[PDB]
Each structure stands twice: as C-alpha cells, then as structure tokens.
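The values are calculated or read from the model by the stated rules, or taken from the named source; none is laboratory data. Virtual Cβ from ideal backbone geometry, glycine too; neighbours counted across all protein chains shown.
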Amino acid sequence: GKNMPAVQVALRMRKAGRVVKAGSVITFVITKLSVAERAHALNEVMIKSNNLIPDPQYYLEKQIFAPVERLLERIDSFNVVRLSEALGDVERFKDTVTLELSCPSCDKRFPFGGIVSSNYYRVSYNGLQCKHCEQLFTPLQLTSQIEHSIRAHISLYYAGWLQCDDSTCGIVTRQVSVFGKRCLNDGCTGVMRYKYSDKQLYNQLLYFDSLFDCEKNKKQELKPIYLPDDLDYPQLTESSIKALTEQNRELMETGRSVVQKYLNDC
Amino acid sequence: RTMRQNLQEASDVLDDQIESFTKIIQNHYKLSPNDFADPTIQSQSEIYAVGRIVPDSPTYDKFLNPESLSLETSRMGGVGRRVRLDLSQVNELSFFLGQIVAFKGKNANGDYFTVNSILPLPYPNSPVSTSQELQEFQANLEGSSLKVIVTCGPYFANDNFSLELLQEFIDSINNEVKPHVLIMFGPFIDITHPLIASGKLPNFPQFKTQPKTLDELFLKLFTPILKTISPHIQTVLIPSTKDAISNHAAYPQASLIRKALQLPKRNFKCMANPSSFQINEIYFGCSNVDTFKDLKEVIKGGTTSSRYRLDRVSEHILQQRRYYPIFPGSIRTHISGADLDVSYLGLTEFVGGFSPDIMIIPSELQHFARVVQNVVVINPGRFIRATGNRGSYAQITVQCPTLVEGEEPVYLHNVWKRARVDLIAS
C-alpha cells in the first residue's frame with residue numbers, strides 16, 4: 001500500500017477527516033516525489049485555488065504511451081521511436097537478567113515483562129495485580145523493589161570482579177595489578193577484564209527502562225521473559241495492551257523516573 | 001563523574017600510592033633511591049623494598065596467615081612482580097590488605113623476600129593555626145565551650161517506621177544541649193532495609209498524599225522531622241554507600257543535593273563521604289565505611305595482640321593516610337559492601353597529608369571513645385538498633401582555645417587535651 005497511490009490517498013483522506021471504509025471507490029489524480037506521494041483525491045484537485053495541476057510527464061507517459069504502444073504493437077509501419085518523440089534492540093539485551101519482584105501480601109517472587117501475559121501477575125486497570133492473592137501494588141511497593149534490585153546490581157558492578165581472557169586458566173578475582181590488563185597467574189598472557197563491565201550495566205539499565213517504556217509496550221517489542229518450554233509460561237491482545245498502557249501511563253512514568261535516577265548518571 | 005570502572009586508571013592510582021609512600025619513606029628516613037631495589041629478584045645484598053600486601057594466590061581463602069602473604073611492587077620498582085614474604089624472622093607484625101609497608105630484608109633464593117625488619121610508617125603531621133585565628137575562634141565561642149553532636153544512621157527499626165527516638169533527640173538538642181554543630185551520617189532510608197527490600201511497605205496515614213518513590217518518602221517522612229532542628233544549630237548531611245536517596249552508589253561518594261532534599265538554607269549543609277572540615281579551629285575528618293568491622297588483621301607476636309584492636313586499626317588508618325585502607329573492598333555476599341571507586345581512591349586520602357584532630361568513623365560495632373597517636377577517634381554507634389531499642393550518639397565538649405618553632409608562629413592543635421567526648425544513649 002505504500003507504493004500504490006490509492007492506499008496513500010485513502011490514508012491521507014482518513015487523516016484529513018474523509019471516511020473511507022473497505023469496498024470504497026476512491027477517485028484520485030496525480031499532481032506535481034514518487035508516484036504515490038504526488039496523488040490526491042479528485043475533489044481535492046478540482047478546487048482550482050489549491051494549485052494542484054496534473055503532472056504532464058506521468059499522464060503523458062502512463063495513460064497514453066503504454067496503451068498506445070500496446071494497441072499499435074503489431075500493426076505494419078508502427079515505430080516506438082516516433083511515438084516517443086511525439087510525447088517525450090533485541091541483541092542489546094541478550095545477556096540481561098530479569099528484574100524480580102515480590103508480593104507485599106503473599107511474599108511470592110516472580111519475573112516481570114511489562115504489560116504482557118503472566119501466570120503470576122495481571123496488569124489491571126487500577127495497576128499491577130498479584131494473581132496469587134489479587135492484592136494491588138502501591139507505587140512504593142513497586143519502585144522501592146525495583147531500585148533495591150538496581151542498587152544490588154550496582155553493588156555487584158563496583159565489586160569489580162576480574163576475568164582472565166585465556167580460556168585454559170580463566171581465574172576470577174578482584175586483585176588488580178598496577179599493570180591492570182596483565183593476568184596475575186605466573187606467565188599467563190590472558191588479559192584481565194572486569195566480568196561485570198560497564199556496558200552490561202548500561203544494557204541492564206536500558207532493559208529496565210524498556211520494561212517501563214509506554215511506546216515499546218504499545219509496539220510490543222519487549223523481550224520475552226519466558227522460553228516456550230517453561231512450566232511457568234503464561235495471551236493478551238494488543239488492544240487490551242494499549243488500553244492498559246494508557247490507563248497505567250502514570251505508574252509507567254513514575255517507574256521510568258525511578259530508573260532514570262540512575263540512567264542519567266550511568 | 002559518571003559510573004565507569006576502568007582497569008588501567010585504577011592500576012595507575014595503585015602505582016601512584018606505592019610511588020608516593022616510597023618517596024615519603026625516603027624523605028622521612030632520609031634514604032637514597034639506590035638503597036631501594038627490586039625485591040622480587042634474587043639479590044646477594046640487603047635492599048629497601050616498598051609495596052602493597054596481597055595474597056600469594058589471586059584465588060585465596062577467606063582467612064590469612066603470616067606464611068601466605070606477598071608483596072607487590074610498583075611499576076618501576078619491580079615491574080609489578082609480586083614476591084612472597086617470609087615473616088618467620090619478624091616476631092611482631094600487623095598486616096592487612098591494601099596497606100603499604102616498608103621492608104628491610106633480602107631475597108635469598110628468588111621466590112621469597114625475607115623480612116628482616118619493618119620500617120614503621122611515620123604518623124602524619126597534625127595541623128596548626130596562627131594566634132590571630134585562634135583568638136577569633138575564642139571570640140566566636142565567647143569564652144564558652146564548643147558543642148558538636150554526632151549521630152549515624154539508620155534512624156528507624158527493621159520492622160516499623162516510628163521516628164519517636166529521633167524526635168526526642170531533636171527536642172533535646174534544641175532545648176537542652178544547644179549545640180553549635182550537629183552531624184548526621186547516612187544512610188537515612190537504607191536499601192538493605194528488610195521491608196523495602198521485600199516491598200512490604202504500607203500506606204502512611206500521616207501523609208495526605210501517599211508518596212511514590214523513596215525520594216518522596218524522604219520528603220514527606222524525614223524533611224518534616226529535619227525541619228524542626230533549631231536554626232542556631234548548623235547541621236551537616238553525610239551520605240553513605242547504602243542511602244537510597246543519593247544517585248551515587250560508590251565510595252568515595254558525592255554529596256546530596258540540598259535543594260531536591262528540600263531543606264532550608266539556614267542551618268543545613270550537604271558534604272561529601274568522606275570529607276574534612278574545620279569547626280572553629282578543630283580539624284575534623286568524617287568517613288562512613290565500617291573499617292573497624294571489616295578490616296581483618298594477621299597478627300604475630302604477643303605485644304601486638306595484647307593491645308586493643310581499635311587502637312591498632314586506628315593507627316593503621318593514620319599510617320595509610322586514607323580512611324579505608326582495605327583493598328580489595330568489602331562484600332556482603334551480594335547485598336551490599338564497601339563499593340570502592342578505585343580510580344578515585346585519591347579522594348579518600350587525607351586532606352593535604354594532615355591527620356585530622358577528630359576522625360569519626362561509624363561502625364556497626366559497639367560505641368567507644370578512644371585517643372591514639374593524639375587523634376580523637378570517635379564511633380558514636382548506631383542511633384537506633386535493629387530491634388529498635390536505644391542506641392548512642394556523641395557529644396563533644398571542647399574547651400575554648402603547643403607552639404611550633406619557626407619564623408612564622410603557628411600552634412599545633414591539641415584536641416585530646418581539651419575535648420570531652422561523651423557517648424550518651426539516644
């Protein structure tokens with residue numbers, strides 16, 4: 001429909017206010033850029049004050065030359081040259097680890113996947129709901145847990161583990177030599193690297209941000225938190241998803257600001 | 001400073017510490033560079049060696065002994081090659097991770113550097129002040145003594161959020177003690193707090209509009225209470241490695257932003273963790289990481305053991321010229337820890353090489369008041385216990401103000417002669 005001028009015109013009519021439904025006859029004339037974008041509705045072109053002249057090139061070619069070429073194709077002494085002269089984000093979060101949340105009432109632990117299906121939570125109109133106990137989450141009982149996980153992760157980060165590149169040895173440690181990249185094992189040429197390097201923290205924090213992304217939730221690009229074979233595998237419809245996202249915009253935005261507290265400093 | 005950890009810059013800082021303390025050793029002991037050499041290599045002659053103390057194995061047991069300690073060299077000293085240590089000759093030693101020590105000895109065989117003697121690290125200079133400034137401080141105190149009150153977090157129990165003890169303390173300091181300076185370290189709302197960790201956080205009927213984050217939880221919970229401290233009481237704020245309000249989760253730690261915390265400008269200031277400052281003449285040093293609890297020593301010889309542990313650790317802090325000489329940093333396997341920002345390790349080093357008059361380092365241990373090497377170490381303890389019972393806080397009674405020889409007359413501060421540190425329950 002993007003290279004058909006018809007679909008373009010119908011969508012423009014709908015945006016402008018003209019109601020077009022399936023089974024409609026739309027009448028369109030090309031103005032003077034591709035073939036589709038130049039198109040407009042015939043009544044729109046008709047008003048002479050809009051300065052929407054027909055394209056001489058497109059009409060003289062398509063509505064004349066090709067039909068005339070087909071019609072005169074196999075008639076003696078026809079020449080095409082005479083006729084032509086007379087006319088003319090999925091990879092980034094592959095390693096992230098899920099944000100685990102807890103029930104204020106029933107102490108149940110569960111992973112979270114935005115506004116999607118879940119055997120453990122149900123995104124309601126009034127907010128998130130723990131299916132095992134149906135109790136509603138207050139903003140704090142959510143955001144405090146989230147940033148608890150956040151600060152545990154940053155604690156793991158500044159714990160500053162170190163990794164030996166050389167596969168045959170592969171020591172993990174926190175001792176740092178004054179030649180940081182050189183490994184501490186006798187004669188090891190493996191190059192020392194932090195296991196929890198800053199890039200992974202930034203990936204985790206943007207994964208967090210996606211978990212509370214209203215647009216990504218509407219567009220449904222969010223990474224699936226359950227593999228097909230999981231016994232805890234949950235299907236909600238996109239219309240319900242959009243309605244729940246719009247109703248829960250404020251909670252999504254507060255959860256977003258909580259993560260931005262550590263994003264803008266990341 | 002962004003939240004970035006670079007291995008090479010950290011290595012640079014660790015080389016720098018060895019270099020600087022080697023120069024300090026060579027200056028105070030008036031030794032020449034030629035008398036220092038590489039301790040990791042075989043040598044038939046005694047040498048001076050300076051380095052850090054590390055385990056002989058990068059994957060090392062929790063516990064250490066004097067037969068499994070090694071010395072790492074600087075970049076130019078021994079090309080960063082770590083040499084094991086033979087401590088059998090030295091009867092008395094107090095070693096731990098991250099320190100720096102100066103050894104006399106010799107490398108007999110190549111794989112071991114025998115310690116013949118230990119060169120004790122000189123204690124840093126105490127600060128001085130001129131006569132006129134001391135007289136001005138006298139006028140500021142008007143003959144009266146100085147009162148500084150010191151408290152630490154957290155301020156509410158593990159299971160409830162009642163701040164009656166804090167309110168009683170504020171009433172007391174406003175009406176009876178009348179202190180010139182009040183000190184409060186973080187964390188205020190801890191994030192290893194069990195209820196906030198498990199999300200069991202109930203509605204507050206004492207808030208008209210319920211909060212939404214721990215920031216607004218502070219604003220409605222703590223800002224009311226903190227606004228009752230008397231304006232005549234200048235109060236400082238210190239964050240910690242666990243305060244959820246701060247957007248800094250590492251040590252060294254930046255200050256809080258007083259505006260977003262919404263405290264009046266009249267009597268509150270936000271300082272750094274760690275930081276040093278002067279109240280009149282007294283030169284303070286504040287740090288809020290529990291060196292005392294986590295710093296684990298390896299001790300040989302009776303005399304070192306006989307001493308109080310707190311004195312030993314305080315003298316080690318003095319010798320290392322940094323508030324947290326532990327490296328690698330602490331871990332609570334993972335929930336929390338020291339969270340050392342190694343590339344900024346310089347920020348915790350003593351301000352200009354001056355040991356402070358008072359050094360207050362909150363610990364999860366018991367409270368105490370001890371003076372060592374003429375510096376006032378204070379641990380006012382936790383204001384409220386885990387159960388929620390009473391704690392303790394520090395009250396410092398310094399009398400209103402030795403002469404140093406020199407063409408310019410200055411005066412070494414003597415706080416341990418003049419200050420009375422009382423550890424009163426909350």
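Within region A:91-115, can you find the residues that are under 15 Å from A:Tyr226 (Cα atoms) and more than 14 Å from chain B (Cβ to nearest Cβ)? Across region A:91-115, the qualifying residues are A:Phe93, A:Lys94, A:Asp95, A:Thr96, A:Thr98, A:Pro111, A:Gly113, A:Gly114, A:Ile115.
In region B:191-214, which residue that is at the interface with another protein chain (Cβ under 7 Å from one of its Cβ atoms) and outside any loop (DSSP other than H, G, I, E, B) is surrounded by the fewest Cβ atoms within 10 Å (Cβ to Cβ)? Taking the candidates together, the pick is B:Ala197. Take the conditions (1) more than 30 Å from B:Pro55 (Cβ to Cβ); (2) touching a strand residue (DSSP E or B) at 6+ places or on another chain (Cβ under 7 Å); (3) at the interface with another protein chain (Cβ under 9 Å from one of its Cβ atoms); A:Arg193 misses just one of them, which is (1).
Against the test of being more than 14 Å from chain A (Cβ to nearest Cβ), in a helix (DSSP H, G or I), of a type in the set (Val, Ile, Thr) and crowded, with 19+ Cβ neighbours inside 10 Å, the options B:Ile183, B:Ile173 yield a single qualifying residue, B:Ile173.
When residues in region B:62-92 are screened for being within 12 Å of chain A (Cβ to nearest Cβ) and acidic (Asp, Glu), 1 of them pass. Scanning region B:322-352 for residues that are away from chain A (no Cβ under 14 Å), among the hydrophobic types (A, V, I, L, M, F, W, C) and touching a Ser or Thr at 6+ places or on another chain (Cβ under 6 Å) returns a single hit, B:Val351. Taking region B:377-426 as the region of interest, the strands (runs of 3 or more DSSP E) fully inside it that hold 2 or more residues being assigned by CATH to the domain that holds B:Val177 and within 21 Å of B:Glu142 (Cα to Cα) are B:393-398, B:419-424.
Quick one: count up the residues across region A:73-115 that are over 30 Å from A:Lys223 (Cβ atoms) and surrounded by 14 or more Cβ atoms within 10 Å (Cβ to Cβ).
1
Against the list (1) within 12 Å of chain B (Cβ to nearest Cβ); (2) part of a loop (DSSP other than H, G, I, E, B); (3) more than 30 Å from B:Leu69 (Cβ to Cβ), the condition A:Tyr202 fails is (2).
Could you please give the count of residues in region B:180-204 that are in contact with a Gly (Cβ under 8 Å, 6 or more places away or on another chain) and not small (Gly, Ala, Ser)? Of the residues in that region, 5 qualify. Taken over region B:231-270, the criterion of being within 12 Å of B:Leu182 (Cβ to Cβ) and β-branched (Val, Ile, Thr) is satisfied by B:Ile233, B:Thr235, B:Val236, B:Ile238.
Of the numbered criteria (1) part of a helix (DSSP H, G or I); (2) closer than 29 Å to A:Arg249 by Cα; (3) within 14 Å of chain B (Cβ to nearest Cβ); (4) not hydroxyl-bearing (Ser, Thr, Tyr), the one A:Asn217 fails is (3). Looking for something more than 8 Å from chain A (Cβ to nearest Cβ) and either of a type in the set (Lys, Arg) or on the phi > 0 side of the Ramachandran plot (or both) - is there at least one such residue anywhere in region B:15-29? Checked region B:15-29: at least one residue is more than 8 Å from chain A (Cβ to nearest Cβ) and either of a type in the set (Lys, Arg) or on the phi > 0 side of the Ramachandran plot (or both).
Condition check for B:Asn6 on (1) closer than 30 Å to B:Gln253 by Cα; (2) polar (S, T, N, Q); (3) more than 14 Å from every other protein chain (Cβ to nearest Cβ): one failure, at (3).
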